[PDB]
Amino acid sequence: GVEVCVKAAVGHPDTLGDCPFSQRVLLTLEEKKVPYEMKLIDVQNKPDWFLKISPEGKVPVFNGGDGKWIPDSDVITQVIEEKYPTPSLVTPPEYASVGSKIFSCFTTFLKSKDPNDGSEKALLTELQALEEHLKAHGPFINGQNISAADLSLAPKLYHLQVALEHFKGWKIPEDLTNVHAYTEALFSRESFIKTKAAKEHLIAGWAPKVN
């Protein structure tokens, strides 16, 4: 049936790595109960067969059983949605951008070596917006049922929490209680547990970037 190429853990080509875009695709397949074959790609040592179907070395790529491999996890989860419509993970267009600046604010703050450059405040602003959304519309981004936006956001919040605690001793404030309820719900899902990177691999993936 379907096949997906994802990043292997750095230093461990036999082990699932920490790409949040890869994990979004995997989470989507798991939540939809779609069988798939997973191919681990060492992105510092790509195989030539891989380069023939992904010439720019892009990961993830997805083959839905129609004789081609497509990149871009936005595009891939939409194709999966169209081909496997039940369970429905459609997120209403009015909530599509919820949480959309959190990952980049996180990466800027993670890499920041200046306590006064405002990167921390910018990240807290985006977390607070997520908190306000979940307080109005939760427990997931679209209310009682999980949807595509949650599966996009959860791998990203996982990086945020693991990397900021490890490298900066920083945690999401406890008063953001809806965000904490949200991450605890998502990260405890069997699909998430099955598809997440071990924390030491995720940390090893960020270490040279921090650095």
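Residue indices: 1-based, along the sequence shown.
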item	value
Stretch exceeding the other in mean C-alpha B-factor - 91-99, 77-85	91-99
Residue stretch of maximal mean CA temperature factor, 154-162 vs 60-68	60-68
Among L176, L27, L40, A148 - the residue whose C-alpha B-factor is largest in the record	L176
Chain thirds of CA B-factor: placement of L51	middle
Where the record places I172 (Cα B-factor, split into thirds across the chain)	middle
B-factor third for the C-alpha atom of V34 within its chain	lowest
Assigned third (lowest, middle, highest) for the C-alpha B factor of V10	highest
Within-chain third of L186 by Cα B-factor, per the entry	lowest
